[PDB]
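A quick write-up on the structure given underneath.
What's counted below: heavy atoms across the whole structure, side chains too, no hydrogens, waters or symmetry copies. The sequence lines fix the lettering, A, B, ..., with proteins before strands; numbering per chain opens at 1. For ligands, and for the atoms within them, numbers begin at 1 and follow the listed sequence.
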Amino acid sequence: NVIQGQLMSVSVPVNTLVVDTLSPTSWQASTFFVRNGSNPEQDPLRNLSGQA
Amino acid sequence: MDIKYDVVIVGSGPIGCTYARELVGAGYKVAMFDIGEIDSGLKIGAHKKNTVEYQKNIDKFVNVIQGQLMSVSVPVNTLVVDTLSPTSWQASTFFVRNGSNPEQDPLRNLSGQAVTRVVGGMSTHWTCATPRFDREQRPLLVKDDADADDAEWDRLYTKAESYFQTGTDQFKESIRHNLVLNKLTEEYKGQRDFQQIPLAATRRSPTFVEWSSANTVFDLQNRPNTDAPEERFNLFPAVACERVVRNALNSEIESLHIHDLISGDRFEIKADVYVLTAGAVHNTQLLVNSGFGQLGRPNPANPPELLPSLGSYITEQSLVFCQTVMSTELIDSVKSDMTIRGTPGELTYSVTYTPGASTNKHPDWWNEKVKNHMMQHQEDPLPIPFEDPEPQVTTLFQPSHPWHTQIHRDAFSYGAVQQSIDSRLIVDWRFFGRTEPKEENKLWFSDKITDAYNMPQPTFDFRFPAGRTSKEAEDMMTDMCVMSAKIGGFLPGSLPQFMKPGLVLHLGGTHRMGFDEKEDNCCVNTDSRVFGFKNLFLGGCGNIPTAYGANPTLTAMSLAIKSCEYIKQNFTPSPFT
Amino acid sequence: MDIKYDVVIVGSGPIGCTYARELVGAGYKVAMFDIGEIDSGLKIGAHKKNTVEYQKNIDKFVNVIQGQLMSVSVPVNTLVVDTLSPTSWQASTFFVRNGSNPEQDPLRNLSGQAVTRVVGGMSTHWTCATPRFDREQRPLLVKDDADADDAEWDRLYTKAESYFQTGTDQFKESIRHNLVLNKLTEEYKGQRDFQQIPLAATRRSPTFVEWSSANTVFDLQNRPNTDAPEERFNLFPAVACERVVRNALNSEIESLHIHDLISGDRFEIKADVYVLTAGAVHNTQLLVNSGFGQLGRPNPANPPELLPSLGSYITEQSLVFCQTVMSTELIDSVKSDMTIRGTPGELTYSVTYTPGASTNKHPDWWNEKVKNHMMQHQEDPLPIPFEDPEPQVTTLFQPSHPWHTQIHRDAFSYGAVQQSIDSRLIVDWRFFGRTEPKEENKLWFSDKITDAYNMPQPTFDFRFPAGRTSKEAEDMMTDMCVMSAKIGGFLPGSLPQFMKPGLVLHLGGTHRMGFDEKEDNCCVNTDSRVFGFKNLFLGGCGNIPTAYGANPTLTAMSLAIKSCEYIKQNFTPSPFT
Amino acid sequence: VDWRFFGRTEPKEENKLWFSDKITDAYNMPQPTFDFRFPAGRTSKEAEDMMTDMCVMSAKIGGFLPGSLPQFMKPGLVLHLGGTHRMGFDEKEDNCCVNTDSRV
Ligand SMILES: *Cc1cc2c(cc1C)nc1c(=O)[nH]c(=O)nc-1n2C[C@H](O)[C@H](O)[C@H](O)COP(=O)(O)OP(=O)(O)OC[C@H]1O[C@@H](n2cnc3c(N)ncnc32)[C@H](O)[C@@H]1O
Ligand SMILES: *Cc1cc2c(cc1C)nc1c(=O)[nH]c(=O)nc-1n2C[C@H](O)[C@H](O)[C@H](O)COP(=O)(O)OP(=O)(O)OC[C@H]1O[C@@H](n2cnc3c(N)ncnc32)[C@H](O)[C@@H]1O
């Protein structure tokens with residue numbers, strides 16, 4: 001846990017996971033926009049995803 | 001196989017079988033085609049859960065369901081697998097792989113929507129709940145005359161209930177059923193009514209219920225036969241129906257084009273009357289492949305020649321779900337009338353009650369079952385008999401609670417931790433919301449991508465409408481939380497949740513009914529006849545134009561009955577030759 | 001229903017059908033009972049995967065398998081659920097719940113062992129792999145004459161292979177099959193031989209394989225019929241066979257007591273010959289219910305009167321599994337013979353080869369399929385045609401590699417992240433080990449706990465033996481790791497692993513064959529006749545007394561053929577009147 | 001017992017760490033971005049041979065622990081990234097950034 005607490009991911013690609021069980025009343029995305037410090041420059045298939 | 005019939009029916013689900021029942025019985029020479037095959041035992045199109053093995057192990061039946069549901073539209077997969085060995089072949093792009101549909105926006109899908117291709121269709125696996133719609137949920141059949149409309153609906157629903165063997169009595173002596181029913185009745189006294197879910201089923205014994213299906217409506221045996229020597233019917237499984245051929249005037253269908261999947265041959269089949277009952281998605285595919293509506297991505301700049309509302313105004317219900325673990329107070333209440341002496345597993349253990357005591361909270365039949373369970377199974381810590389049937393409770397849709405409810409048990413795949421909880425304690429909760437029909441919600445078909453039967457790939461463009469539908473959906477969730485609490489707390493791993501859109505399989509409005517094609521934005525009239533065409537009829541939930549919460553099959557069946565009445569008045573059976 | 005026959009057979013799996021085929025054909029009046037029901041369509045007992053839908057959607061078939069596998073012995077669950085609501089009823093002990101078997105030690109189980117109760121038995125879903133056993137794996141039928149023993153086994157296997165329609169040619173023109181076959185052949189040149197898995201199956205088209213089943217062996221139609229007017233056969237589904245009655249001398253069976261599950265009626269059925277083919281677990285159960293062996297927890301103080309080895313020496317194979325993702329080198333090799341001009345998607349794109357050129361690595365048929373795929377589907381990044389059949393590769397069990405191997409694809413439940421990998425790239429690896437028969441490895445039946453059919457509950461006491469069995473199992477794992485790497489790296493989520501004990505369903509030795517009851521610690525002789533009894537025979541994998549890694553059913557069938565040869569020489573069919 | 005085998009990766013010009021001219025990180029600095037794959041040839045062959053070697057060697061000691069079966073780790077989880085400001089004798093000839101005194 002100490003280790004995990006002090007490793008911050010270098011480059012996180014934009015997240016394209018589909019969450020389709022939101023309540024109809026919840027604000028819902030129309031696109032996979034740049035969220036949560038993700039890096040839109042990053043090709044997710046040419047990454048070092050574990051680099052921190 | 002002739003190529004000439006009085007009537008041809010596409011699909012052998014319960015709605016096609018409604019057409020077959022009415023029209024075969026009325027003396028028509030009928031052919032029915034299904035893309036799927038016979039696989040329910042000797043009773044063709046029967047419910048798969050009516051085996052002794054599945055009545056003994058109902059939870060295994062989830063696998064039967066899953067094994068015959070094929071997802072309608074699966075978007076391109078964008079999951080990153082970055083732990084492959086460097087020697088394995090690795091993608092540079094998220095290419096079209098594994099039957100995925102590149103047309104499909106993953107954020108505007110009905111991801112849960114699926115289809116079944118087997119003789120009997122989805123009625124070989126369905127839960128059998130057959131409630132009527134109240135006026136608020138129900139399409140009009142008579143305009144500007146409420147009494148006449150009600151009368152017509154009661155007549156049709158009564159016949160439909162007869163065809164399905166709907167009843168509200170099959171679980172009347174379950175202890176779990178009554179425990180739940182009585183508690184909710186008391187909790188909502190003066191506010192809401194509770195009753196047994198209306199179920200298309202007949203109890204045969206205390207441990208076997210014969211669930212209804214297509215086969216219940218029509219046995220699907222070829223005719224003439226010994227029981228039916230003057231009737232004419234042929235079922236042709238493993239035949240893909242690909243299109244209906246329009247005349248130039250768009251006033252008549254001239255043939256049905258079919259592809260026999262075993263021999264590979266293709267034919268044109270001729271009939272006086274053509275009935276499409278292939279389900280809400282595949283009736284729409286068939287019509288679009290035949291030149292109705294518009295093929296390809298919606299394009300309002302080029303409106304279609306025929307049936308412009310085809311595949312718009314689609315509705316699917318929101319569904320919330322949880323499971324609960326029965327309260328201690330409710331469990332203790334089961335044995336409230338018992339006098340208990342001794343210590344279990346000892347010789348002095350005694351469980352008794354005084355029948356007829358006016359101080360008894362429960363009737364004699366209940367106390368007798370409890371007494372016997374407790375006396376005969378002293379190792380077991382619960383008062384509920386091992387073979388006690390599941391609850392089957394509902395409070396039906398009303399204005400002040402505009403959702404359908406099922407408080408019950410259906411087949412479920414319990415996680416290993418969950419299997420830790422005694423099944424007697426568990427109750428499932430499913431609340432189903434109504435969805436406003438909106439033109440922007442659509443089912444369309446690719447002009448390039450094809451499905452597993454080389455037909456235009458179905459694509460959804462769907463979101464639950466803003467406004468009432470969305471407010472109601474979230475109020476429904478809250479109501480499930482509130483109501484369920486009265487029975488017990490949630491079961492870990494089955495916490496309150498929305499299900500993936502469409503997993504419910506109650507899709508409607510894809511080929512919707514109305515009085516006037518233009519004014520009511522619709523595809524079929526109240527006889528289920530395609531506007532403009534003398535001899536083309538659609539049956540199924542796709543006809544239903546309204547926002548409904550309750551399970552739709554009974555209402556679709558009622559519409560099909562009415563459709564058959566029109567057919568009987570407008571087409572003459574061939575003389576039996 | 002009369003209650004008098006020449007031969008009665010308990011169970012309608014492929015081994016009961018072997019007896020039916022032999023003895024119905026030889027003119028005997030035969031009855032066959034199954035506790036399960038007809039549910040594969042019109043072809044009674046057929047492979048459920050032989051539908052167009054399952055051949056288009058093969059991965060859905062895992063659900064069909066799961067829906068008809070009921071776990072034999074599930075120990076008491078000790079999972080802690082401590083996040084229930086305080087109002088919910090909650091356990092103070094881990095009490096006997098949800099059909100668990102309190103006799104079962106969770107650490108000495110075959111937790112993966114399961115049974116199927118449907119007409120056709122497990123042959124309605126099996127993978128159809130039908131290898132012969134080599135001498136090392138195979139029980140002796142002739143002593144002290146290896147050549148005579150080989151000759152008898154060759155005769156028998158050859159007949160069995162004809163009953164099953166076993167072949168090694170059904171995948172010969174698959175690109176993926178040959179890609180894998182050729183690579184492994186080269187890598188192990190001079191060390192191991194590779195061939196197609198022998199499969200009970202007949203190809204009917206490029207995209208349809210008719211997989212064999214009990215139905216292949218015997219069609220299960222009642223006779224006399226039009227095609228067989230002088231044969232006599234009846235099948236009675238939904239009939240639980242409960243016990244055979246012994247005479248006072250323990251020399252003859254006098255009747256079979258049955259319980260019709262539909263009517264509830266019980267009957268005593270009389271025959272000249274009684275054949276138990278209920279599977280390795282349920283044959284043992286019926287025998288123990290009939291006074292053979294010992295009921296209850298093993299007690300060596302208290303010796304069984306009859307068949308003291310029954311339910312001892314049980315064997316189940318170790319099974320290791322992984323999937324791989326095909327190497328970039330192999331994938332590029334598929335297109336080695338192509339010249340590619342231009343850019344995919346453009347007018348100028350061209351993929352050509354030179355037919356018959358002596359420097360081509362691949363045959364013309366191969367190159368033509370690759371060329372057409374690449375030219376017609378320029379969007380696709382792989383050279384493998386979309387409808388290319390799966391690999392079906394084996395190197396058979398040998399002393400230097402004492403395990404059976406299957407390098408193939410069969411029905412599989414892929415997680416969404418694995419669904420990310422193109423299916424053409426995926427290969428399944430399953431290596432099966434042999435287990436030494438040990439007296440201490442037992443299947444026994446409770447004297448208190450009962451199963452869903454009110455029969456004595458099965459209980460395992462099993463561990464993989466120390467010594468050779470265990471060493472070989474681990475060597476087998478390493479072998480799989482080494483061999484599979486030649487083809488591609490592991491697929492994440494399908495990493496190399498041992499499967500739960502018994503999940504393989506290749507249980508043997510519960511009613512084992514030998515020459516001498518005492519000397520060979522066994523229950524039937526080489527005619528499969530129960531020692532001491534004139535007219536009781538057992539068929540199935542329970543007969544196999546040796547340590548085997550290969551799939552046993554073909555071997556069990558061969559033994560049934562030999563058994564029928566004895567019955568024909570020793571019993572006279574009744575005159576057909 | 002834990003088993004970790006680490007492979008060597010051939011330096012290739014195409015394998016890059018670069019920085020966005022628009023996107024910024026948590027410290028308002030140019031966002032790092034990778035463009036990386038394990039090179040074909042020796043690197044890839046060796047990585048898979050290494051996997052096999054672990055499977056063979058570890059078997060001498062015991063069988064795999066369920067849930068910790070043989071696997072590649074996500075690229076870079078190892079945190080042994082090198083060569084981003086690489087040393088050599090001659091800037092141009094050795095394609096490098098610092099000399100053997102680590103001087104730019
Ligand atoms: C799957 C399911 C459904 C279900 C349910 C629970 C489950 C898990 N519970 C329900 C319940 O409690 N109450 C209720 O009203 N409905 C519930 N359902 C849904 C219900 O089964 C369906 O509404 C119903 O079966 C619809 O009937 P219909 O007859 O309209 O359609 P179908 O059963 O889908 O049968 C259509 C058939 O047509 C064939 N087909 C499809 N395409 C073609 C083509 N091109 N050519 C020829 N035949 C075609 C199918 O194979 C199918 O059998
Ligand atoms: C499940 C499975 C099996 C399988 C396989 C893959 C799967 C997923 N792959 C195999 C393969 O590739 N090669 C092979 O050799 N075997 C493979 N199998 C196993 C194979 O299916 C079995 O070995 C085979 O079916 C055994 O045949 P047998 O005829 O001996 O037994 P059965 O198929 O289990 O059928 C027995 C029947 O008897 C009935 N029954 C049971 N109890 C009673 C009683 N009390 N009364 C009357 N009938 C009874 C069953 O219902 C059953 O149908």
Side-chain angles (χ1 to χ4, degrees), chain B residues 10-18 33-36 65 68-69 114-131 197 199-200 214 239-242 258 277-283 285-286 406 410 453 455 504-506 539-542 550-554 556, chain C residues 10-18 33-36 65 68-69 114-131 197 199-200 214 239-242 258 277-283 285-286 406 410-411 453 455 504-506 539-542 550-556:
Chain B
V10 176
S12 67
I15 304 304
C17 283
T18 306
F33 299 84
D34 198 294
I35 197 159
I65 295 167
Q68 64 188 34
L69 287 172
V115 298
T116 298
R117 302 180 184 91
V118 305
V119 169
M122 295 185 179
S123 81
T124 61
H125 75 248
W126 68 320
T127 298
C128 297
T130 61
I197 300 162
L199 290 167
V239 175
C241 300
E242 294 194 331
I258 66 173
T277 51
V281 169
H282 290 122
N283 273 350
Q285 187 181 62
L286 188 29
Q406 292 179 179
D410 76 318
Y453 293 88
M455 289 283 290
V504 49
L505 301 176
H506 284 170
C541 303
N551 326 69
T553 307
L554 184 77
Chain C
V10 178
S12 69
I15 314 301
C17 293
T18 300
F33 298 94
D34 205 289
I35 196 166
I65 296 163
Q68 59 182 43
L69 285 178
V115 298
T116 297
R117 297 180 180 94
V118 301
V119 165
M122 298 190 178
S123 74
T124 59
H125 77 248
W126 70 320
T127 295
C128 300
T130 65
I197 302 167
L199 292 165
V239 179
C241 291
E242 298 188 326
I258 64 170
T277 50
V281 172
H282 282 119
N283 276 346
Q285 183 183 60
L286 189 43
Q406 296 182 180
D410 53 355
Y453 292 85
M455 288 287 286
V504 60
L505 306 174
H506 283 172
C541 299
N551 325 70
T553 310
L554 189 72
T555 299

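Not close to ligand 1: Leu286(B), with no non-hydrogen atom less than 4.0 angstrom away. Remark: distances from the non-hydrogen atoms of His506(B) to ligand 1 include one below 4.0 Å. Judged by the shortest distance from any of its heavy atoms, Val239(B) lies inside the 4.0 Å radius around the atoms of ligand 1. Ligand 1 is approached by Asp34(B) to a heavy-atom distance shorter than 4.0 Å.
Summarising the contacts of atom 2 (C) of ligand 2 with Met122(C), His125(C), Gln68(C), the nearest heavy atom is found in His125(C). Of the candidates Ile197(C), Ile35(C), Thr127(C), it is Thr127(C) that places a heavy atom closest to atom 5 (C) of ligand 2. For atom 26 (C) of ligand 2, the candidate residues are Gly121(C), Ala411(C), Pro14(C), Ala200(C); the nearest heavy-atom contact is made by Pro14(C). When the options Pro131(C), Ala278(C), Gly120(C) are ranked by their closest heavy atom to atom 41 (C) of ligand 2, first place goes to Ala278(C).
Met455(C) CE to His282(C) NE2: the interatomic distance, rounded to the nearest 0.5 Å, is 7.5 Å. Note that OH of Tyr453(C) is 11.5 Å distant from CD of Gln285(C), once rounded to the nearest 0.5 Å. With rounding to the nearest 0.5 Å, the separation of CG in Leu69(B) from CG in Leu505(B) is 6.0 Å. The distance from the NE2 atom of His125(C) to the CD1 atom of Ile65(C) is 5.5 Å, given to the nearest 0.5 Å. Separating the OG1 atom in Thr553(C) from the CH2 atom in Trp126(C) is a distance of 5.5 Å, to the nearest 0.5 Å. To the nearest 0.5 angstrom, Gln406(B) atom CD is 8.0 Å from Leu199(B) atom CG.
Residue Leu554(B) does not touch ligand 1, judged by heavy-atom distances below 4.0 Å. With a 4.0 Å cut-off on non-hydrogen atoms, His282(B) touches ligand 1 through its side chain and not its backbone. By the criterion of a heavy-atom distance under 4.0 Å, the side chain of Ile65(C), and not its backbone, is placed next to ligand 2. Neither the backbone nor the side chain of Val119(C) comes within 4.0 Å of ligand 2, counting heavy atoms alone. Here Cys128(B) has backbone heavy atoms under 4.0 Å from ligand 1, and that is the only part of it that gets that close. The proximity of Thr277(B) to ligand 1, defined as any non-hydrogen pair under 4.0 Å, is limited to the backbone. With a 4.0 Å heavy-atom cut-off, ligand 1 is reached by no atom of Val115(B).
At the shortest separation from atom 4 (C) of ligand 2 among protein heavy atoms lies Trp126(C) CB, 3.5 Å. Among protein heavy atoms, atom 16 (N) of ligand 2 sits closest to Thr553(C) OG1, 3.1 Å.
Counting only distance, with no hydrogens or angles, the side chain of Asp34(C) and the backbone of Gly120(C) share no donor-acceptor pair below 3.5 Å. No side-chain donor-acceptor contact under 3.5 Å links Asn551(C) to the backbone of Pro131(C). A donor-acceptor pair under 3.5 Å links the side-chain atoms of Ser123(C) to the main chain of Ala214(C), judged by distance alone. No donor-acceptor pair under 3.5 Å is formed between the side chain of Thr116(B) and the backbone N or O of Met122(B).
Looking at heavy atoms from C-beta onward, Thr124(C) lies out of side-chain contact with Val119(C) at the 4.5 angstrom threshold. Between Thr277(B) and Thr18(B), every side-chain heavy-atom pair lies at or beyond the 4.5 Å cut-off.
For ligand 2, the atoms sitting less than 4.0 Å from at least one non-hydrogen atom of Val10(C) are 46 (N), 47 (C), numbered in the order shown with element in parentheses. Taking every non-hydrogen atom of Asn551(B) and a distance limit under 4.0 Å, the qualifying atoms of ligand 1 come out as 11 (C), 12 (O), 13 (N), 14 (C), 15 (O). Of all atoms in ligand 2, numbered sequentially from 1 with element shown, those under 4.0 Å from a heavy atom of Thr116(C) are 50 (C), 51 (O), 52 (C). The atoms of ligand 1 that sit less than 4.0 Å from any heavy atom of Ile15(B) are 27 (O), 28 (P), 29 (O), 30 (O). Taking a cut-off of under 4.0 Å to the non-hydrogen atoms of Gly13(B), the atoms of ligand 1 that pass are 29 (O), 33 (O), 35 (O). Remark: ligand 2 atoms within the under-4.0 Å shell around heavy atoms of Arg117(C) are 51 (O). Residue-ligand proximity, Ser123(C) to ligand 2, at heavy-atom distances under 4.0 Å covers atoms 25 (O). Which parts of ligand 1 touch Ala129(B) is read off a 4.0 Å heavy-atom cut-off, strictly below it: atoms 11 (C), 12 (O), 13 (N), 14 (C), 15 (O).
Nearest heavy atoms, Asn283(B) versus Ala278(B): OD1-N, 2.8 Å. When all heavy atoms are compared, the tightest approach of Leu286(B) to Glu242(B) is CD1-O, 2.8 Å. Between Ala556(C) and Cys541(C), the shortest heavy-atom distance links the atoms CB-N, 3.9 Å. Contact between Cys241(C) and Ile258(C) at its shortest, heavy atoms only, is SG-CG2, 4.0 Å.
Ligand 2 has no N or O atom lying under 3.5 Å from any N or O atom of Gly539(C), backbone or side chain. The shortest N or O to N or O distance between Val118(C) and ligand 2 is below 3.5 Å. Backbone and side-chain nitrogen or oxygen atoms of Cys241(B) are examined, and one is located within less than 3.5 angstrom of a nitrogen or oxygen of ligand 1.
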